[PDB]
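Visitor: Dropping the structure in here first, questions after.
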Amino acid sequence: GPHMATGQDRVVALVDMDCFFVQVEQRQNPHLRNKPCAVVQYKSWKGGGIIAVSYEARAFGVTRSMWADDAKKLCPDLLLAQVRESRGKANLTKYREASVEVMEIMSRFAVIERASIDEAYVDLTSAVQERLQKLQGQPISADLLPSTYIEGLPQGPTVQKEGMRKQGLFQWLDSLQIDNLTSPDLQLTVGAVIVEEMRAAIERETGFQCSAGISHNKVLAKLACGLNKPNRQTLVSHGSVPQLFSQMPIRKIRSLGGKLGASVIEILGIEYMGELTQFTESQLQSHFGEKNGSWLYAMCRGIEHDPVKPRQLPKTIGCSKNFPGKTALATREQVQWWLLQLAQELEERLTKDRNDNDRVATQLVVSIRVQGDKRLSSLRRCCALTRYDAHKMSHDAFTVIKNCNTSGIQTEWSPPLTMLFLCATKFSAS
DNA sequence: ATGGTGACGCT
DNA sequence: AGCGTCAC
Ligand SMILES: Nc1ccn([C@H]2C[C@H](O)[C@@H](COP(=O)(O)NP(=O)(O)OP(=O)(O)O)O2)c(=O)n1
Ligand SMILES: [Mg+2]
Ligand SMILES: [Mg+2]
C-alpha cells in the first residue's frame, strides 16, 4: 500500500495525426477537402495500393492495403491522390517534410520522441509543474478542454456524442482536487490543457488536425489517443485502468499486436489485458522471459517506465523497392540500374540531412530478397559509407551482394531478386 | 501483387 | 554483425 508504486509519476502525451498523408494532399488540393478520398501508390496494378484513407471514405469500408479498383467498388465517388514517383519508385518526400512541420511545432512545447512519420510522444511532467505554479490553486474551466474526453466518464447516477463528452468532462472536473499540486489526476488535467494548446498550434500553423492521448506513460497515452480519433484528445487516468482493461483485447496494447500477444492469449487462456493481473510476476516471466514478464506484470496494472527519448530525427535513412512476381530482377544490368536508382534517391536525402542536421551517416546496409524465400529480408550485409556518392554507394552495394548470384552464366541473376533496400545508418556529428 | 518505410531486441 | 518482431 504505502510502498506500492502506482506509475503516476509522469505526464505523457502521444500526438497522432489524423489520416495524415490524406490531410497533406487535401491541404495542397482544396478539391479533396471534406471528401471521401485516399492516397494511392502505383496506378498500373489494380489502380494502385491505398495507403491512407479519409474518414469520409472509411464510412464506405475503404481501408489501407486495398487496391483502388476494389475501393472504387465500395465508394464509386472516391477521390484519389497519388504518391510522387521519382527514378521509377514511390518517393515519400512530401510526407516527410510535412512531418517535420508538425514535429518542429510540438518541440516548442516539450522535448519529443518521434515515434513515426505522424506521431510523437511528449513528456509534459515539467511543463505541467510549471503551469500548476501559475494556476495558483485556481480551478480549471471546461472551456480550457474543448476537445477532451475523460475515459470512463460519465458514469453513475442527452443522447448525442458532444453531450456525453461534456457530461464526462464536468464529472471529472467537479471531482478534481485543485489545491493539491502533487495530485496525479490534476497533473493529467493540466497535461490535457497543454495538449489542447499544442493541438491548436499544430492546426493553426499547418492546417493539419490530430488526436492525442494523455496519461502517465507511453502505452496508455497511445491507447488513449485512438479512443476518440479523429480530431479529439483523450485523458486516461490511473483510476480508469481497471475498467478500461477489463474488456480490452490484449492485441490492442502497443507491442502485443503480433506473435507475443498471441502467445499470451494462447498460453494463459485469456482474452483481455485486465486478466493479466491474476498471474505473478514470476509466472509471467516464466512464459515470456524476464523482460517481457516484468513489463506485462506492470502494464496490466497501468504501469510502464519506458521513457520519452529525446529524439526528433530518424536514426536511419533508407530507400527500398519490391519487384514482385514476374517483375523480379533476372539480369545483372537490372540489378545495377535499380541499385543506382535507390542510391541516387538516398544520396539526395543524405545530402539534405547533412546540411539540415549536422550529421553524416557512416554505415550502408544492403538488403535483398530472392524469389522463393517468404521472409521480408533474405540477406543483409553492411559496408562503410564514406562518401555521399550514388555511383559509389551503388557499386559498393553490388559488391557486398554479388556472391548471392547462384547463376553460372555471367549476366543473369539467379534466383531473381524480389526486393532491394539501401539504408544509411550509424550517424555521427559533422 | 498493398509497398515503402522505421525502431528496437536477440544471439 | 545479421536476423527477427512490431508498427506507422
Ligand atoms: N501500413 C502503413 C501505415 C501508415 N502509413 C503512412 C500513411 C498514414 O497516413 C500515415 C500515418 O499512419 P497511421 O497513423 O497508422 N494512419 P493515418 O494517420 O492515415 O490515419 P489515423 O487512423 O491515424 O487517423 O503513415 C503507411 O504508408 N503504411
Ligand atoms: Mg495517424
Ligand atoms: Mg500514426
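All residue names refer to the C-alpha cells as shown: chains lettered A, B, ... in order, residues numbered from 1 in each chain, ligands numbered from 1 in order.
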With a cut-off of 8 Å, could you pull out the residues of chain C touching chain A and give me the nearest pair of atoms for each, distance in Å to one decimal, using only C-alpha atoms (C1' of nucleotides), ordered by chain and ascending number, as a Markdown table?
Guide:
| residue | atom | partner | partner_atom | distance |
| --- | --- | --- | --- | --- |
| C:2 | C1' | A:380 | CA | 6.5 |
| C:5 | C1' | A:258 | CA | 7.9 |
| C:6 | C1' | A:255 | CA | 6.2 |
| C:8 | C1' | A:116 | CA | 5.6 |
Visitor: Taking N, CA, C and O atoms (P, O5', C5', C4', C3', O3' and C1' of nucleotides) for each residue, export the selection above as a PDB file, in the first residue's frame.
Guide:
ATOM      1  P    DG C   2      27.190  -8.736 -41.627  1.00  0.00           P
ATOM      2  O5'  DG C   2      25.831  -9.501 -41.279  1.00  0.00           O
ATOM      3  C5'  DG C   2      25.856 -10.915 -41.166  1.00  0.00           C
ATOM      4  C4'  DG C   2      24.537 -11.362 -40.602  1.00  0.00           C
ATOM      5  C3'  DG C   2      23.333 -10.980 -41.472  1.00  0.00           C
ATOM      6  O3'  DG C   2      22.665 -12.220 -41.623  1.00  0.00           O
ATOM      7  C1'  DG C   2      22.970 -10.352 -39.220  1.00  0.00           C
ATOM      8  P    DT C   5      10.020 -13.480 -36.252  1.00  0.00           P
ATOM      9  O5'  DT C   5       9.801 -12.104 -35.460  1.00  0.00           O
ATOM     10  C5'  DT C   5      10.081 -12.033 -34.076  1.00  0.00           C
ATOM     11  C4'  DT C   5       9.586 -10.721 -33.523  1.00  0.00           C
ATOM     12  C3'  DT C   5       8.122 -10.395 -33.843  1.00  0.00           C
ATOM     13  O3'  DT C   5       7.511 -10.032 -32.617  1.00  0.00           O
ATOM     14  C1'  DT C   5       9.497  -8.547 -34.415  1.00  0.00           C
ATOM     15  P    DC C   6       5.899  -9.859 -32.511  1.00  0.00           P
ATOM     16  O5'  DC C   6       5.686  -8.299 -32.764  1.00  0.00           O
ATOM     17  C5'  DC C   6       6.128  -7.336 -31.827  1.00  0.00           C
ATOM     18  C4'  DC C   6       5.932  -5.985 -32.457  1.00  0.00           C
ATOM     19  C3'  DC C   6       4.562  -5.738 -33.106  1.00  0.00           C
ATOM     20  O3'  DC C   6       3.824  -4.839 -32.266  1.00  0.00           O
ATOM     21  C1'  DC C   6       6.395  -4.875 -34.384  1.00  0.00           C
ATOM     22  P    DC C   8       0.600   1.247 -35.113  1.00  0.00           P
ATOM     23  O5'  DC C   8       1.305   2.419 -35.932  1.00  0.00           O
ATOM     24  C5'  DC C   8       2.196   3.366 -35.320  1.00  0.00           C
ATOM     25  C4'  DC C   8       2.721   4.247 -36.424  1.00  0.00           C
ATOM     26  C3'  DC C   8       1.624   4.908 -37.270  1.00  0.00           C
ATOM     27  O3'  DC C   8       1.969   6.248 -37.491  1.00  0.00           O
ATOM     28  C1'  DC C   8       3.123   3.776 -38.671  1.00  0.00           C
TER      29       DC C   8
END
Visitor: Please, which residues have at least one atom within 7 Å of an atom of ligand 1, using only C-alpha atoms (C1' of nucleotides) and all ligand atoms, listed as JSON, numbers by chain?
Guide: {"A": [16, 17, 18, 19, 20, 21, 22, 51, 52, 53, 117, 118, 229, 230], "C": [8]}
Visitor: Let me see the file: selected residues, C-alpha atoms (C1' of nucleotides), as an mmCIF file, in the first residue's frame.
Guide:
data_model
loop_
_atom_site.group_PDB
_atom_site.id
_atom_site.type_symbol
_atom_site.label_atom_id
_atom_site.label_comp_id
_atom_site.auth_asym_id
_atom_site.auth_seq_id
_atom_site.Cartn_x
_atom_site.Cartn_y
_atom_site.Cartn_z
ATOM 1 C CA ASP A 16 -1.067 11.201 -33.757
ATOM 2 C CA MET A 17 -2.037 12.984 -36.971
ATOM 3 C CA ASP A 18 -5.491 12.169 -38.455
ATOM 4 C CA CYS A 19 -5.412 10.369 -41.838
ATOM 5 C CA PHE A 20 -2.018 12.002 -42.254
ATOM 6 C CA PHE A 21 -0.998 11.538 -45.906
ATOM 7 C CA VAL A 22 -4.606 12.349 -46.921
ATOM 8 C CA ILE A 51 -2.016 3.734 -48.077
ATOM 9 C CA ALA A 52 -4.235 6.285 -46.311
ATOM 10 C CA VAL A 53 -7.963 6.951 -46.194
ATOM 11 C CA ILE A 117 6.198 9.725 -39.556
ATOM 12 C CA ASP A 118 3.000 11.138 -37.880
ATOM 13 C CA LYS A 229 -9.930 9.742 -33.030
ATOM 14 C CA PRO A 230 -10.289 11.921 -35.164
ATOM 15 C "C1'" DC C 8 3.123 3.776 -38.671
#
Visitor: With only C-alpha atoms (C1' of nucleotides) as the atoms that count, which of A:301, A:64, A:35, A:58 lies nearest to residue B:3?
Guide: A:64
Visitor: Would you kindly report the residues of chain A within 9 Å of chain B, using only C-alpha atoms (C1' of nucleotides), as a ChimeraX atom specification?
Guide: /A:41,45,48-51,64-67,90-92,115-117,314-322,324-325
Visitor: Go ahead and write the residues just picked, N, CA and C atoms, as a PDB file, in the first residue's frame.
Guide:
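Output below, filename selection-v7.pdb:
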ATOM      1  N   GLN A  41      -0.483   4.515 -54.098  1.00  0.00           N
ATOM      2  CA  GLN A  41       0.815   4.456 -54.722  1.00  0.00           C
ATOM      3  C   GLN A  41       0.792   3.481 -55.868  1.00  0.00           C
ATOM      4  N   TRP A  45      -1.220  -1.214 -61.355  1.00  0.00           N
ATOM      5  CA  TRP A  45      -1.653  -2.543 -60.887  1.00  0.00           C
ATOM      6  C   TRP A  45      -2.885  -2.280 -59.987  1.00  0.00           C
ATOM      7  N   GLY A  48      -3.732   0.990 -58.061  1.00  0.00           N
ATOM      8  CA  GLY A  48      -2.794   1.456 -57.055  1.00  0.00           C
ATOM      9  C   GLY A  48      -3.173   0.940 -55.704  1.00  0.00           C
ATOM     10  N   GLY A  49      -2.169   0.897 -54.840  1.00  0.00           N
ATOM     11  CA  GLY A  49      -2.345   0.407 -53.460  1.00  0.00           C
ATOM     12  C   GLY A  49      -2.751   1.562 -52.569  1.00  0.00           C
ATOM     13  N   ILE A  50      -3.850   1.431 -51.816  1.00  0.00           N
ATOM     14  CA  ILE A  50      -4.259   2.512 -50.941  1.00  0.00           C
ATOM     15  C   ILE A  50      -3.373   2.499 -49.652  1.00  0.00           C
ATOM     16  N   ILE A  51      -2.786   3.632 -49.320  1.00  0.00           N
ATOM     17  CA  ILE A  51      -2.016   3.734 -48.077  1.00  0.00           C
ATOM     18  C   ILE A  51      -2.564   4.641 -46.998  1.00  0.00           C
ATOM     19  N   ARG A  64      -6.834   1.008 -45.815  1.00  0.00           N
ATOM     20  CA  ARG A  64      -5.470   0.747 -46.226  1.00  0.00           C
ATOM     21  C   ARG A  64      -5.279  -0.695 -46.688  1.00  0.00           C
ATOM     22  N   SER A  65      -4.318  -0.866 -47.579  1.00  0.00           N
ATOM     23  CA  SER A  65      -3.958  -2.129 -48.204  1.00  0.00           C
ATOM     24  C   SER A  65      -4.945  -2.625 -49.267  1.00  0.00           C
ATOM     25  N   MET A  66      -6.038  -1.941 -49.457  1.00  0.00           N
ATOM     26  CA  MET A  66      -6.973  -2.272 -50.501  1.00  0.00           C
ATOM     27  C   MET A  66      -6.391  -1.758 -51.824  1.00  0.00           C
ATOM     28  N   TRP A  67      -6.633  -2.481 -52.917  1.00  0.00           N
ATOM     29  CA  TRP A  67      -6.428  -1.915 -54.269  1.00  0.00           C
ATOM     30  C   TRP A  67      -7.433  -0.816 -54.562  1.00  0.00           C
ATOM     31  N   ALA A  90       8.146   5.069 -55.810  1.00  0.00           N
ATOM     32  CA  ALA A  90       7.402   5.957 -54.892  1.00  0.00           C
ATOM     33  C   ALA A  90       8.417   6.741 -54.068  1.00  0.00           C
ATOM     34  N   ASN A  91       8.129   8.023 -53.923  1.00  0.00           N
ATOM     35  CA  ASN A  91       9.009   8.953 -53.226  1.00  0.00           C
ATOM     36  C   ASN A  91       8.193   9.661 -52.193  1.00  0.00           C
ATOM     37  N   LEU A  92       8.545   9.485 -50.902  1.00  0.00           N
ATOM     38  CA  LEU A  92       7.714   9.972 -49.802  1.00  0.00           C
ATOM     39  C   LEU A  92       8.147  11.332 -49.237  1.00  0.00           C
ATOM     40  N   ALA A 115       7.969   8.992 -32.943  1.00  0.00           N
ATOM     41  CA  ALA A 115       7.711   7.568 -32.944  1.00  0.00           C
ATOM     42  C   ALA A 115       7.381   7.025 -34.313  1.00  0.00           C
ATOM     43  N   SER A 116       6.992   7.899 -35.233  1.00  0.00           N
ATOM     44  CA  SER A 116       6.714   7.511 -36.581  1.00  0.00           C
ATOM     45  C   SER A 116       6.680   8.745 -37.430  1.00  0.00           C
ATOM     46  N   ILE A 117       6.384   8.593 -38.718  1.00  0.00           N
ATOM     47  CA  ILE A 117       6.198   9.725 -39.556  1.00  0.00           C
ATOM     48  C   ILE A 117       5.124  10.710 -39.037  1.00  0.00           C
ATOM     49  N   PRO A 314      14.823  10.906 -37.388  1.00  0.00           N
ATOM     50  CA  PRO A 314      15.039   9.459 -37.682  1.00  0.00           C
ATOM     51  C   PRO A 314      16.515   9.072 -37.510  1.00  0.00           C
ATOM     52  N   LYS A 315      16.805   7.860 -37.058  1.00  0.00           N
ATOM     53  CA  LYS A 315      18.186   7.349 -36.896  1.00  0.00           C
ATOM     54  C   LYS A 315      18.725   6.610 -38.128  1.00  0.00           C
ATOM     55  N   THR A 316      17.858   6.426 -39.117  1.00  0.00           N
ATOM     56  CA  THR A 316      18.215   5.721 -40.330  1.00  0.00           C
ATOM     57  C   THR A 316      17.484   6.436 -41.481  1.00  0.00           C
ATOM     58  N   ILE A 317      18.100   6.398 -42.666  1.00  0.00           N
ATOM     59  CA  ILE A 317      17.531   6.983 -43.907  1.00  0.00           C
ATOM     60  C   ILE A 317      17.651   5.879 -44.973  1.00  0.00           C
ATOM     61  N   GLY A 318      16.509   5.345 -45.398  1.00  0.00           N
ATOM     62  CA  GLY A 318      16.503   4.188 -46.271  1.00  0.00           C
ATOM     63  C   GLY A 318      15.599   4.351 -47.458  1.00  0.00           C
ATOM     64  N   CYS A 319      15.870   3.499 -48.451  1.00  0.00           N
ATOM     65  CA  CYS A 319      15.243   3.536 -49.784  1.00  0.00           C
ATOM     66  C   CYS A 319      15.065   2.095 -50.190  1.00  0.00           C
ATOM     67  N   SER A 320      13.858   1.675 -50.540  1.00  0.00           N
ATOM     68  CA  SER A 320      13.661   0.305 -50.968  1.00  0.00           C
ATOM     69  C   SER A 320      12.656   0.194 -52.106  1.00  0.00           C
ATOM     70  N   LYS A 321      12.760  -0.930 -52.801  1.00  0.00           N
ATOM     71  CA  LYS A 321      11.778  -1.253 -53.831  1.00  0.00           C
ATOM     72  C   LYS A 321      11.542  -2.726 -53.939  1.00  0.00           C
ATOM     73  N   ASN A 322      10.275  -3.143 -54.044  1.00  0.00           N
ATOM     74  CA  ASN A 322       9.952  -4.554 -54.308  1.00  0.00           C
ATOM     75  C   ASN A 322       9.775  -4.747 -55.805  1.00  0.00           C
ATOM     76  N   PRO A 324       7.859  -7.559 -57.616  1.00  0.00           N
ATOM     77  CA  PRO A 324       7.121  -8.778 -57.314  1.00  0.00           C
ATOM     78  C   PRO A 324       6.864  -9.633 -58.539  1.00  0.00           C
ATOM     79  N   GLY A 325       6.674 -10.920 -58.261  1.00  0.00           N
ATOM     80  CA  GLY A 325       6.190 -11.908 -59.212  1.00  0.00           C
ATOM     81  C   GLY A 325       7.125 -11.947 -60.385  1.00  0.00           C
TER      82      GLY A 325
END
Visitor: Taking the DSSP secondary structure from the backbone, can you list the residues of stretch 184-360 of chain A that are strand (DSSP E or B), as a PyMOL selection string?
Guide: chain A and resi 210-215+233-235+249+272+311+317-322+329-331+359-360
Visitor: In Å, with one decimal, what is the gap from atom CA of residue A:275 to atom CA of residue A:304?
Guide: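 A separation of 17.1 Å between them.
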Visitor: Which residue gives the smallest distance to residue A:111 among A:311, A:332, A:131, A:369, with only C-alpha atoms counted?
Guide: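 Answer, going by the shortest atom-to-atom distance: A:311.
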Visitor: Applying 9 Å and only C-alpha atoms (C1' of nucleotides), which residues near residue A:125 remain after dropping the ones on its own chain fewer than 2 positions away? List them as a PyMOL selection string.
Guide: chain A and resi 9-12+123+127-130+187+191
Visitor: Keeping only N, CA and C atoms, write the selected residues as a PDB file, in the first residue's frame.
Guide:
ATOM      1  N   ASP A   9       3.889   8.945 -11.856  1.00  0.00           N
ATOM      2  CA  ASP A   9       4.996   9.914 -11.678  1.00  0.00           C
ATOM      3  C   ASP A   9       5.235  10.851 -12.857  1.00  0.00           C
ATOM      4  N   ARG A  10       4.734  10.537 -14.032  1.00  0.00           N
ATOM      5  CA  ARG A  10       4.930  11.369 -15.226  1.00  0.00           C
ATOM      6  C   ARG A  10       3.619  11.750 -15.900  1.00  0.00           C
ATOM      7  N   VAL A  11       3.617  12.808 -16.716  1.00  0.00           N
ATOM      8  CA  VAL A  11       2.504  13.088 -17.591  1.00  0.00           C
ATOM      9  C   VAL A  11       3.071  12.899 -19.007  1.00  0.00           C
ATOM     10  N   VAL A  12       2.493  11.960 -19.768  1.00  0.00           N
ATOM     11  CA  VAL A  12       2.996  11.624 -21.129  1.00  0.00           C
ATOM     12  C   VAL A  12       1.845  11.808 -22.094  1.00  0.00           C
ATOM     13  N   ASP A 123       6.919  14.227 -23.075  1.00  0.00           N
ATOM     14  CA  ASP A 123       6.940  14.187 -21.613  1.00  0.00           C
ATOM     15  C   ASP A 123       6.599  15.579 -21.105  1.00  0.00           C
ATOM     16  N   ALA A 127       6.497  20.768 -17.794  1.00  0.00           N
ATOM     17  CA  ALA A 127       5.566  21.789 -18.255  1.00  0.00           C
ATOM     18  C   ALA A 127       4.336  21.854 -17.359  1.00  0.00           C
ATOM     19  N   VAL A 128       3.878  20.689 -16.884  1.00  0.00           N
ATOM     20  CA  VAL A 128       2.708  20.684 -16.007  1.00  0.00           C
ATOM     21  C   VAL A 128       3.021  21.331 -14.662  1.00  0.00           C
ATOM     22  N   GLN A 129       4.197  21.027 -14.126  1.00  0.00           N
ATOM     23  CA  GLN A 129       4.631  21.550 -12.824  1.00  0.00           C
ATOM     24  C   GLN A 129       4.721  23.041 -12.959  1.00  0.00           C
ATOM     25  N   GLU A 130       5.310  23.531 -14.048  1.00  0.00           N
ATOM     26  CA  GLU A 130       5.357  24.990 -14.265  1.00  0.00           C
ATOM     27  C   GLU A 130       3.943  25.617 -14.393  1.00  0.00           C
ATOM     28  N   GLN A 187      -2.504  16.693 -12.374  1.00  0.00           N
ATOM     29  CA  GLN A 187      -1.372  16.733 -13.300  1.00  0.00           C
ATOM     30  C   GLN A 187      -1.779  16.348 -14.715  1.00  0.00           C
ATOM     31  N   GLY A 191      -1.926  18.600 -18.041  1.00  0.00           N
ATOM     32  CA  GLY A 191      -1.312  17.955 -19.243  1.00  0.00           C
ATOM     33  C   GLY A 191      -2.271  18.116 -20.401  1.00  0.00           C
TER      34      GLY A 191
END
Visitor: Tell me, as a list in words, which residues lie within 12 Å of residue A:4, counting only C-alpha atoms (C1' of nucleotides); anything in the same chain fewer than 4 positions away does not count.
Guide: residues 8, 298, 301 and 303 of chain A
Visitor: Can you tell me, as an MDAnalysis selection string, which residues in stretch 53-134 of chain A count as alpha helix (DSSP H) by DSSP?
Guide: chainID A and resid 55:58 68:74 93:107 125:134
Visitor: List the spatial neighbours of stretch 160-170 of chain A as a list in words - criterion: any atom at most 12 Å away, only C-alpha atoms (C1' of nucleotides), same-chain residues fewer than 4 positions off excluded.
Guide: residues 140, 141, 142, 143, 144, 145, 146, 147, 148, 149, 150, 151, 152, 153, 154, 155, 156, 174, 175, 176, 189, 192, 228, 232, 233, 234 and 235 of chain A
Visitor: Applying 9 Å and only C-alpha atoms (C1' of nucleotides), which residues near residue A:392 remain after dropping the ones on its own chain fewer than 5 positions away? List them as an mmCIF file with C-alpha atoms, in the first residue's frame.
Guide:
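The result, stored in selection.cif:
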data_model
loop_
_atom_site.group_PDB
_atom_site.id
_atom_site.type_symbol
_atom_site.label_atom_id
_atom_site.label_comp_id
_atom_site.auth_asym_id
_atom_site.auth_seq_id
_atom_site.Cartn_x
_atom_site.Cartn_y
_atom_site.Cartn_z
ATOM 1 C CA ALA A 343 21.397 5.154 -54.333
ATOM 2 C CA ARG A 387 31.167 9.367 -49.391
ATOM 3 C CA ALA A 397 26.106 -2.447 -52.571
#
Visitor: Residue A:310: which residues within 10 Å, counting only C-alpha atoms (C1' of nucleotides), same-chain residues fewer than 3 positions away excluded, as a PyMOL selection string?
Guide: chain A and resi 110-114+121-123+307+313
